[PDB]
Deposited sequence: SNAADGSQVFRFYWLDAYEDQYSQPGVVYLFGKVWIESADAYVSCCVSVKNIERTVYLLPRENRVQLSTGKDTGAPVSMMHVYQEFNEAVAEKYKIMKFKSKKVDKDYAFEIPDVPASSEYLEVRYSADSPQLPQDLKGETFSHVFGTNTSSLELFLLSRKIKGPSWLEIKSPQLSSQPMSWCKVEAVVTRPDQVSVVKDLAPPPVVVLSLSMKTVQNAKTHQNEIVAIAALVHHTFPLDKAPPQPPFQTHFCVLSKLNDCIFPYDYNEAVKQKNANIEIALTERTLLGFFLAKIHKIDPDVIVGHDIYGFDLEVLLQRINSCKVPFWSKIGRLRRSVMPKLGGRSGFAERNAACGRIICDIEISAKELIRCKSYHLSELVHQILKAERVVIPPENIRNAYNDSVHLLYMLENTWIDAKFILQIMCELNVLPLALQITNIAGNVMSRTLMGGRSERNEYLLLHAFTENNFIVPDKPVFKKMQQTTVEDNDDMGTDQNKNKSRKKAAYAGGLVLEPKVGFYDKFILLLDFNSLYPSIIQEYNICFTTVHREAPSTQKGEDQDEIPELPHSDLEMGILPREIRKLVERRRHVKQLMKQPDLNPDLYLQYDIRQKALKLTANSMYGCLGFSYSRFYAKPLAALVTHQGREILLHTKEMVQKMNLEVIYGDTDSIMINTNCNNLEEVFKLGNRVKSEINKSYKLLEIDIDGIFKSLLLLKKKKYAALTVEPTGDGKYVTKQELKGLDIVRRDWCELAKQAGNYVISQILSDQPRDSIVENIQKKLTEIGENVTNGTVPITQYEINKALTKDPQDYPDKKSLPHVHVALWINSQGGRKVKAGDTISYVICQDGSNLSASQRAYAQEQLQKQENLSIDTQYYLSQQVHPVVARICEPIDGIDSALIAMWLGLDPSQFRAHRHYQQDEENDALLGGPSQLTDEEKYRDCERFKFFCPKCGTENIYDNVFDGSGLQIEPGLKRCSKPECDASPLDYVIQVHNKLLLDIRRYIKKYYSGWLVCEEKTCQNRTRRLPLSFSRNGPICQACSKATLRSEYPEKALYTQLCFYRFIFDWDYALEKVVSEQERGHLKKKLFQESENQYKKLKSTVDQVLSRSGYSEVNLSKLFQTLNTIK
């Protein structure tokens, strides 16, 4: 009678169906010898409200204090007589519950007795500010049914569920294979210690041609790859895809090439030529229904792909739109709007993975468009078809098949990127750690994950969680650096998980820090038991430590090593975001005093460590909120390591959980400013043999907002400065290289690609005020004017500052590279680069170096020394 299934996504419609949540997942059907998508409707999720009684009765209007003691009997009588009649609530179940509370609502005791009241989700919702003669507050009035279910049944991310006495639906309500109705949340349980089942992953790439008549994007191809047994706890399979399907349509006026049919048949692929976009969309929807993918992946799926798909479905009136998801509906959610919430609801029951968001979360790249990710992750080159060539492709079989195969290659690259970053396993792991829904986790962001983590933690410890909400304080301390060049050994000491460690050691928690509704609250007494937040953050830190230790295993596959590094960084960021969300104004758990206390203790710790190291008769030259740089004044590495161990032990002696470890040994250092230095990190090889690896932090060479020519010049200069060559030879080599680069720029022998400057966007190009014209925004608008996919917020734009004869400011002469390659009146501003891209960077680098100055750099580049 039981019903065991693995739930992946949950969908709730607060308005359409009240108190009903649909869970989509996998169920093993023995006859089919495979898992099949199943949908479970958990109905009758009653809404719970906790009432906090007063100590004495109070007149509602007079604001008096009668003095009659208030017991739960009076609270129940009041709710039965006044509130129930006033708000039209017919049936409700009331019980007395002892619950704890430590959050930001004044006059709420730490522990007290509450009157938990439950009634049907169809009944009206009580106001958030409800008060009465017998109670001073009502909680959980606006709690979502999904949240109530998840916290009541202690479901934490995807996992196996056991359903008791399931019933069958009168008529189908989902596009899945198996359906079941649960009449009460009590019938759903969690079963642990079982492997996740393989899921279906469908990677789709589409090619569209815009109609300038109506500025609407029409789809002309959809190449999709599917794998039916993609694991969620193992390595990605090779090849990542099992089968595929391609659909190719024609425009409104154009016609197919002469022998398109014969060439397509000879191609031997699952190509379906759809006469009209209506048929193409119908075929795609039928294919999605047949495959029933659980994880649909793509690039810009949330911003471009799904929005275009739904818009064209609406325009062409393709009947069964809801097949894009897993529920049966009739009215499509309104498109547009911020985020992909409309798209997510349209694809309800299917986990949408946007490798753009995932890549932004996991790795750092100069640009996040598909070509850059392909070049960086897969080390492959992607061929991009201009939209004009897509329009002109419908004139010969060869070009049309090339376009379709390019769409296929884009889909394959998307799947390869998803597998390489290990996005799905990481999403599953983080969702299990946090306890929220997987789709939200893959949507990006750290606030919701931490919010659900703390919801689960506090709920399990008999706490009333706060209702969902309907440079403020000082931060880390950066020591003043001793700018210069150090050719001896610099020893870097860095704390491990400094803020998590502070929270653990000093017992900083909602239940221990006595706040008051900008003064730093006092530290909690050492007698108190560990709070909820220290426990959760300790678990996170321990998981990260386990991953790091697993990384140290010798003879590890480099790809597996990089995956472990990404996982460790993700766990570090999860703990740090747990810290940060204390200082988030819109967060559910805003506890600014706690964040201020954490940062204040961090500053105190750094100051104390600096004082200790200085008291050891050692030189301290830098430090950023958890670290110290020490000038050992030694040339032997063994002594450096011995001193590092000694000082680390001495510092650690003063703490219970905080630990200081040797971050790295720099053979040479070039400390320029705060958060700006270059070093030759030393990684010993064995038997006294060490290998030196360069390391730049914060310099302009490691910023996407500088031309690659400037980056190359600065890298060469830094390499020379950090080398062991005599100083005179270093200066001579710098002069020679600068002269060569000046000659190359003057003679136009530099590649054009080296002139690009990359700047991202924060708002849409339209939303930028008329603050003159920031270069990138300028080019951004041009890109939108032309007939191509638009550039939205958070999109990198590469522009080249070029001469146009305008006698205008450089910032107002920014142009796209294609513009330069096309127009005959635009030329690269050689002087601009030699004077404001190469000279500034090298001049900043060579400030602490004797023999090089701004005038000399200007002279060597062929420029005029006067102005500089």
Problem set entry | Unmodelled ranges, which are counted on the deposited sequence from position 1 and given in order | 1 to 7, 478 to 504, 552 to 560, 912 to 1127
